[PDB]
Amino acid sequence: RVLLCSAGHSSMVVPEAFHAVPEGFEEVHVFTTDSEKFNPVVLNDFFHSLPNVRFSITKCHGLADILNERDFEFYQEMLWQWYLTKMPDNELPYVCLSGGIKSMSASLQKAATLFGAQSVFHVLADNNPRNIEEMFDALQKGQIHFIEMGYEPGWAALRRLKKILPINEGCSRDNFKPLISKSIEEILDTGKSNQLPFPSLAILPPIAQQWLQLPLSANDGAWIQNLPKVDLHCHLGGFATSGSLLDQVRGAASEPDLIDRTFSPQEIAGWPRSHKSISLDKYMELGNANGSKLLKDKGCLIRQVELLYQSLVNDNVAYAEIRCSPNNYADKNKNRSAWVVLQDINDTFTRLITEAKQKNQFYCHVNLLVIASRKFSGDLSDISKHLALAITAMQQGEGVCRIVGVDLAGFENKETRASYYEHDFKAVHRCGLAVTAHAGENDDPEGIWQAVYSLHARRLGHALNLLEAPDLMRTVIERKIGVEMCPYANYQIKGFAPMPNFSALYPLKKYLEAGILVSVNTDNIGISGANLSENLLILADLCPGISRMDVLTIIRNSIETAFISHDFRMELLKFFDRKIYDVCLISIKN
Amino acid sequence: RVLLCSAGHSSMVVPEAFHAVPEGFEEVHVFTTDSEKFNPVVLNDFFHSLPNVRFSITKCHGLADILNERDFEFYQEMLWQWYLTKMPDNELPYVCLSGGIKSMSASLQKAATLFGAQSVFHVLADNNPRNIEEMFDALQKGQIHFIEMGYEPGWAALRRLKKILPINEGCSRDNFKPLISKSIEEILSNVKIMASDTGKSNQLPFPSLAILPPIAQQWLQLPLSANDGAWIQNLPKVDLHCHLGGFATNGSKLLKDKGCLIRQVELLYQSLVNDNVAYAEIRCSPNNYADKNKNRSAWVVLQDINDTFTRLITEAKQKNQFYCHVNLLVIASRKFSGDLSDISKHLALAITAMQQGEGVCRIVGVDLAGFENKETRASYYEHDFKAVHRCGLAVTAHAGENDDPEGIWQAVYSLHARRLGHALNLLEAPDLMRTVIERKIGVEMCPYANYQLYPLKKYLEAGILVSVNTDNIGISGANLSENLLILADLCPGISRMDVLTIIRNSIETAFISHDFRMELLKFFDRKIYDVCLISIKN
Ligand SMILES: [Mg+2]
Ligand SMILES: [Mg+2]
């Protein structure tokens, strides 16, 4: 073990602390001011009798004693740097405070309680011995007291500053940034006080408990990636659109002869950070290289599903729901019916889940979503076909990758407000499925009312114009209705701050403070060119002033709004709680 | 602003610390041991020179100095106790550390880190001044120096130990108890359990009261005993279903006048506060109480109810004493054939009444109670509810006691009832269980009402947001604390955790605004924390 000490007038308190553990101590490292009242020769001869005990001596060069604010802050930053440098890599260092005047003793105590120490304590003797032949009988008589106030874990993970900040033993106060000063300066609203999800978030030391409340920044990439996230609006057809993913899915086709390798979607400057707003038609056009024209192949379908699952696992996602269009990928020529396609995707996902779980690795439990599209070019019987297919998949029953519900989506040019397609949606609720609705992407605030009150839809897509219907806000809020929303996709197809020639503000922050159960999603990964992590991170320059804890409550809302069973909700909540606790403990160790 | 400092052998710290802040302070408290070396006369006269600010001296009885482990632990306990009796109620205080020898300096810094402080600092003087005039002189020359440390927020949950013991009327060594040691050991054990185990580490399913001692959590996991009556009485509660007219059992025959209604409302409020209930929703019958011959319309009666309730709420709040926010629900008695327009009248009255706006008490929803029958199903009144949801109201229902499961289904889906009354036989339709589960439709079930095997346990296992209510206090002759008490013997194997789950489900199913729900969550969390932390000792 390694012990640390600081003393003033007293010269050999370190030997007194060296008997704190009856077994003994292994390493000794003492840091103190440049005052001459400390005697290094006595400590040297004391520790020379024990060669097996390492004895390293360091002093505050250029500072005999603390006298003013500048001297105090200089000594504080140097002892901080020495403390980060000198602790054991995996063990908390030992430390004692039986010596030194108030300033350095308090500074070392605060540094120890902020980083952590194996045991801080005090050693006092009744007879205040001056020579070793005195403290020998002082400890023999028991006069020396081993004053210990309690174990001090500190922040179990903060020492990343040892590496992210280069170790510089020789330096002055002229160049140092106290990140801790910024993390302490502003700590203490009702919301951030009591919207704490994941009850274990009350357990982290007050440093982390308040750090979670700081505004989110673009430099938060590793931490946001290391969180377990949830995606609820993902289109499988838009996963692979270009690049290595497209090459891999194309090469896995059963018959590569009929693979159109000539088409190539055009580039958008700065994509995904579009230099200007884009229309919906071109947004679908960028996904023309994939979709249904290429995914008819069974091998292509298997490769796409496996690649999507692998990417979802790589993005640290723990639960997801996938929107699929089984009818679009059916082909009667090869006896590839829509039901067969859905069954194959179910078996593939179940096999992937089982093989990931059997190895006790990280896996994202995945459930499907069927798409009852607007059915362009008429032929609305496919709506009933899709509902029947979903119902059959739902009472299929056995398995793990279950179908949870249906999705209604499509173009808003037809002006469908959940009334045209209401004539058949009555039967689905009897079985026990769940209904979403892509409503009001750019339409009037009227259709959503029937979408929630006649369709009984528990989720909404986008609905970015909800801010102008406060009456709709109130009824949405009381009914606990989730709102799926895609940051990058909406930003690209509509335009929001801060790109030039636009004044529209992203309604996310007001949606959160209102209390709408909004869950951030990614829509089409390949076309947008951004995974869940990037979509979450873009909120920094999308909605300024947002804090990490709003992200945490967004994740909690995403858990809440998923069409899943109760017991699975408890288990997933427990796993998310533990994982997120470890993440905020260890990842932000920076 | 409050200054706290330790007194050793010299009067150096206190005046320089008091004048260190340019604005100055208002309350200053200094802690010291039983040592006769220190003198209080200088500080006494200095603070008497400025009597506008407050000052006090606390002496650690029976301890002149620290000479062993027992002496130091006793001093630390009394220092922590003096600190906790001396937090300002809301704001964090300032701390000066330069007093005493390094031992009490470190103890005071530990106290500041543990309980949080506004801005702790150090004070040093080169010339070691002695008497007031030359302290002032040295401060004139700028020899004074304040060494600011930082701003510790501290453990928010650990500022709540003032409730268990402000002071033990000057405890002696014979009856001394290390309560602050209990606090520090509970928090360190919680952190160590978090860091060591994983199975216990991840469960944590509740509002972040995880910071109780592990012994407290183990006691909570234990099943209810019939002797926990004091504990449940002390816990804040919520009564989402209470009928005003059935308290003094009355109603149509007696309450036609005005003074009787006022005294009934006051009695209901007094009884409701008497049980420490923080929130309740009341269903009333304005048409049953109107008197046309006296020019007493139903609207007038409802306005009088709202006015007396909000007046009482304001009166209770002005005293800063514990008060119970109450909202009103307009009943729609299912009178069937008689005066079929009464239903439309009641809903229209509700829409008009909820729009009054100003008033802490308001109308948040309507009720569908009345004579239940197949003809009285939800598919009979549904022509009239196309607009109650349009104006943003809320609807409850009472079905399942003798009705049919498809009636419950249509009530859930046609009326879009946010809540539900009774429906004890919901087990026999697992499909209905799933429908009520995923839609998060609450259930209001009163154990005494059905008492006059109970499946509530199975309801918690499945996941119904079950709320326990009084229905009608008077005819049942029991309050909500009694209702919670019957669950012990009435349902064996019920754990004290499920009582808190019932309370939480009740506060989620209340027809309340988002911000009001947020405030109620915070207040409920603080109150349950305090009450369990107090009651675990006894
Ligand atoms: Mg979409
Ligand atoms: Mg009742």
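Residues numbered from 1 in each chain as written, not as in the entry; some residues may be left out. Chains lettered and ligands numbered in written order. Part of a larger assembly, values for the part shown. Heavy atoms only, no water.

The record names cryo-EM as the way this model was obtained, at a resolution of 3.6 Å.

1. Notes on the UniProt feature "binding site: Mg(2+)" (unreviewed entry) in chain A
All names here are of chain A. To be explicit about the condition: UniProt positions are given in the numbering used here, feature names are shortened, and annotations may be inferred rather than shown by experiment. Only DSSP runs of H or I reaching four residues or more are called helices, and only runs of E reaching two or more are called strands; each is numbered from the N terminus. It only takes one pair of heavy atoms within 4.5 Å for two residues to be counted as in contact. What qualifies as a polar contact is a pair of N or O atoms within 3.5 Å, subject to a donor-acceptor requirement within protein and to the restriction that residues adjacent in sequence count only when both atoms come from side chains.
The residues that UniProt annotates with the feature "binding site: Mg(2+)" (unreviewed entry) are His233, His235, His438 and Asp523. Of the residues just listed, which span 291 residues, no C-alpha pair is farther apart than 12.9 Å, and they cluster in one region. With respect to the secondary-structure elements, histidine 233 resides in strand β7 (residues 229–235). Residue contacts for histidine 233: discarding those within four places in its chain leaves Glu321, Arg323, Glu484, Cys486, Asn521, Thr522 and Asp523. Polar side-chain contacts of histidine 233 include one of 3.0 Å to the side chain of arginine 323. With sequence-adjacent residues up to four places away left out, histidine 235 is seen in contact with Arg323, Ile371, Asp523 and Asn524.

2. What to know about the coordination of the magnesium ion (ligand 2)
The condition that has to hold: Metal-coordinating donors are taken as N, O and S atoms lying within 2.8 Å of the metal, or within 3.2 Å when the metal is Na, K or Ca; because water is left out, some sites can appear incomplete. For each residue, the accessible area found with a 1.4 Å probe, counting protein chains only, is set against the maximum for its type, and the residue is called buried under 20%, exposed over 50%, and partly exposed in between.
Protein ligation of the magnesium ion (ligand 2) involves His241 of chain B (NE2), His243 of chain B (NE2) and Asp471 of chain B (OD), the donor distances falling in the range 2.1 Å. In this structure, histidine 241 of chain B and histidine 243 of chain B share a single accessibility class: buried.

3. Some details on the nonpolar core
Where we set the bar: The set of buried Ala, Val, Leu, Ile, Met, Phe, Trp, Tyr and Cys residues whose side-chain atoms join them within 4.5 Å is what this entry labels a nonpolar core.
One finds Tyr83, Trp223, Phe349 and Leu508 of chain A together with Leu328 of chain B to be the most contacted residues of the largest nonpolar core, which totals 302 residues. Other than its neighbours up to four places away in sequence, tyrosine 83 of chain A contacts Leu4, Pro93, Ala111, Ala112, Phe115, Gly116 and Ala117 of chain A. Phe25, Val28, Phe55 and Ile144 of chain A belong to the second largest nonpolar core, which has 24 residues in total.

4. Some thoughts on the interface of chain A and chain B
Interface size is commonly expressed as the accessible surface area that is lost when the partners come together. Here is the rule: The buried area of a pairing is the accessible area, by a 1.4 Å probe, that goes missing from both parts when the two are put together, added over both. Salt bridges are identified by distance alone: a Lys or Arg side-chain nitrogen within 4 Å of an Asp or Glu carboxyl oxygen.
Listed by partner, the interface residues are 68 residues for chain A and 69 residues for chain B. The junction of chain A with chain B conceals about 6000 Å² of combined surface from both sides, 58% of it contributed by carbon and sulfur atoms. Contact with chain B buries surface across chain A, with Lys102, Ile203 and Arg578 of chain A losing the most and accounting together for 11% of the total. Note that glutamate 438 of chain B is salt-bridged to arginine 458 of chain A, the shortest N-O span being 3.2 Å. Viewed at the interface, chain B and chain A are joined by 21 residue pairs in polar contact.

5. Observations concerning the sheet that holds β7 of chain A
Residue and element names in this part refer to chain A. Which entries qualify depends on this criterion: At least two bridges found by DSSP between two strands is the condition for calling them paired. Fitted lines through C-alpha atoms give the axes, limited to the stretch in contact for helices. The angle between two N-to-C directions lies from 0 to 180 degrees.
In spatial order, the strands read β7-β8-β9-β10; together these four strands make up an open sheet with parallel pairing. At either margin of the open sheet sits one strand with a lone partner, and together these are β7 and β10 (403–409). Taken over all neighbouring pairs, the strand axes of this sheet differ in orientation by 25° on average, direction set aside. Two strands pair when backbone bridges link them, and β7 and strand β8 (residues 317–324) are joined in this way by five bridges, in the parallel orientation. The residue bridging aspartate 231 from the neighbouring strand is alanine 320, located in β8. Across the sheet, helix α25 (residues 566–586) touches β7, β8 and β9 (365–373), and the angle it forms with β8 is around 130°.

6. Observations concerning the side chain of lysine 110 of chain B
Put simply, the rule is: We treat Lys and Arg as the positive residues and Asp and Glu as the negative residues; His and chain ends play no part in the count.
Take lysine 110 of chain B: it is sitting in helix α4 (residues 102–115). The buried charged residue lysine 110 of chain B lacks any salt bridge partner; its closest oppositely charged side chain belongs to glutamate 148 of chain A, at an N-O distance of 6.9 Å. Among all residues touching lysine 110 of chain B, those that are not within four sequence positions of it are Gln109, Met149 and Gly150 of chain A together with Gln76 and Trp80 of chain B.

7. Looking at the pattern of salt bridges
Residues and elements named next belong to chain B. All chains considered together, the criterion is met by 39 salt bridges over all chains. Residue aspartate 530 pairs with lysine 163 through a salt bridge whose shortest N-O separation is 2.9 Å. A relative accessible area of 39% means that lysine 163 is categorised as partly exposed.

8. Brief notes about the coordination of the magnesium ion (ligand 1)
Residues and elements named next belong to chain A. Taken together, the protein donors to the magnesium ion (ligand 1) comprise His233 (NE2) and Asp523 (OD), at separations of 2.1 to 2.4 Å. Placement of the pair is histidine 233 in strand β7 and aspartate 523 in the loop between β14 (517–520) and α21 (525–528), with a sequence separation of 290 residues. In this structure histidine 233 comes out as buried when scored by relative accessible area, which is 6%.

9. Description of the packing of helix α3 (residues 69–84) of chain B against helix α6 (residues 179–196) of chain B
All names here are of chain B. What counts is decided by this rule: Each angle gets one of four labels, with under 35 degrees taken as roughly parallel, over 145 as roughly antiparallel, 65 to 115 as roughly perpendicular, and the rest as oblique. Three residue categories are used. Nonpolar comprises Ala, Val, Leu, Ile, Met, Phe, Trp, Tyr, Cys and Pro, charged comprises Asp, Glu, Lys and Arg, and polar comprises the others, including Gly.
Where α3 meets α6, the closest approach of the two axes is 9 Å, and the angle between their N-to-C directions is 90°. In terms of orientation, α3 and α6 fall into the roughly perpendicular class. Here α3 contributes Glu77, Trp80, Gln81 and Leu84 to the contact with α6, which in turn contributes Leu179, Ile180 and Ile184. Residue classes in the contact of α3 with α6 are distributed as five nonpolar, one polar and one charged.

10. Some thoughts on the UniProt feature "binding site: ATP 3" (unreviewed entry) in chain A
Residues and elements named next belong to chain A. Sequence positions flagged by UniProt for "binding site: ATP 3" (unreviewed entry) are, in local numbering, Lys163, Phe575, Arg578 and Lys579. Position of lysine 163 relative to the elements: it lies in helix α6 (residues 161–164). Summarising the element assignment, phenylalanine 575 is placed in helix α25. Note on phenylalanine 575: relative accessible area 35%, which makes it partly exposed. Not counting residues within four places of it along the chain, the set of residues in contact with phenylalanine 575 comprises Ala318 and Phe362.

11. Some points on the pairing of strand β3 (residues 54–60) of chain B
Regular strands place their side chains on alternate faces of the sheet. Across seven bridges, strand β2 (residues 27–33) of chain B lies against β3 of chain B in parallel orientation. Looking at the pairing, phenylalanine 31 of chain B lines up with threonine 58 of chain B of β3 of chain B.

12. Regarding the pairing of β10 of chain A
Residue and element names in this part refer to chain A. Filter applied, for reference: Here the term right-handed applies to a crossover when the path leading from its first strand over the helix to its second strand runs clockwise, the strands being oriented away from the viewer.
Of all seven residues making up β10, seven are buried, and the element is well covered by its neighbours. In this structure, β9 lies alongside β10, joined through six bridges in parallel fashion. Counterpart to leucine 368 in the pairing with β10 is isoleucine 403. Of the crossover connections in this fold, the one passing from β9 over helix α15 (residues 381–394) to the parallel β10 is right-handed.

13. Details of helix α10 (residues 259–274) of chain B
Along an α-helix, residues three or four positions apart point the same way, because every turn accommodates 3.6 residues. Residue and element names in this part refer to chain B. Filter applied, for reference: Any helix carries an expected span of 1.5 Å times its number of residues minus one.
Taking 1.5 Å as the rise per residue, α10 with 16 residues should run 22 Å; its terminal C-alpha atoms sit 22 Å apart, in good agreement. Taken together, the buried positions of α10 are occupied by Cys260, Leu261, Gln264, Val265, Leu268, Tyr269, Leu272 and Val273. In the core, the buried residues of α10 are packed alongside β7 (237–243), β8 (277–284), α11 (286–289), α12 (298–318) and β9 (325–330). Positioned one or two residues after α10, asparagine 276 has a phi angle of 60°, which is positive.

14. Examining the packing of aromatic side chains
Test applied: The rule is short: rings of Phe, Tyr and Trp, with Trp giving its six-membered ring, pair when the centres are within 6.5 Å, and they are stacked under 30 degrees, edge-to-face over 60, tilted in between.
This structure, assessed with the given rule, holds 33 aromatic pairs over all chains. With 5.2 Å between their ring centres and 45° between their planes, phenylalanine 31 of chain A and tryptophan 82 of chain A make a pair best called tilted. Here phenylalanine 31 of chain A, found in strand β2 (residues 27–33), pairs with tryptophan 82 of chain A, found in helix α3 (residues 69–86); they are 51 residues apart in sequence, far enough to count as distant. Pair check on accessibility: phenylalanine 31 of chain A and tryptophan 82 of chain A agree, each one buried. Taking 5.0 Å as the distance between ring centres and 75° as the angle between the ring planes, the aromatic pair formed by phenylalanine 25 of chain B and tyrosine 94 of chain B counts as edge-to-face.

15. Observations regarding unusual backbone geometry
Peptide bonds are, in most cases, trans, and in most cases residues other than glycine have a negative phi. Residue and element names in this part refer to chain A. Following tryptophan 271, the chain continues to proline 272 via a peptide bond in cis, the omega torsion being 5°. Position of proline 272 relative to the elements: it lies in the loop between α11 (243–251) and α12 (280–285). Following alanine 497, the chain continues to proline 498 via a peptide bond in cis, the omega torsion being 5°. Relative to the assigned elements, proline 498 resides in the loop between α19 (487–494) and α20 (508–514). In this structure, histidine 462 is a non-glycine residue whose phi angle is positive, near 60°. Of note, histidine 462 is situated in the loop between β12 (459–461) and α18 (470–478). For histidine 462, a relative accessible area of 6% gives the class buried.

16. Focus on the packing of helix α21 (residues 496–508) of chain B against helix α22 (residues 514–535) of chain B
Residue and element names in this part refer to chain B. Selection rule: Throughout, a crossing is termed right-handed when the near helix is turned clockwise from the far one, and left-handed when it is turned anticlockwise from it by less than a right angle.
Closest axis-to-axis distance for the α21/α22 pair is 10 Å, and the angle between their directions is 160°. Comparing their axes, α22 and α21 come out roughly antiparallel. Considering only the axes of α21 and α22, their crossing is right-handed. When α21 is examined against α22, the residues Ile503, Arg504, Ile507 and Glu508 are found in contact with a partner set consisting of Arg517, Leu520, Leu521 and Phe524. A breakdown of the residues in the contact of α21 with α22 according to their chemical character gives five nonpolar, no polar and three charged.

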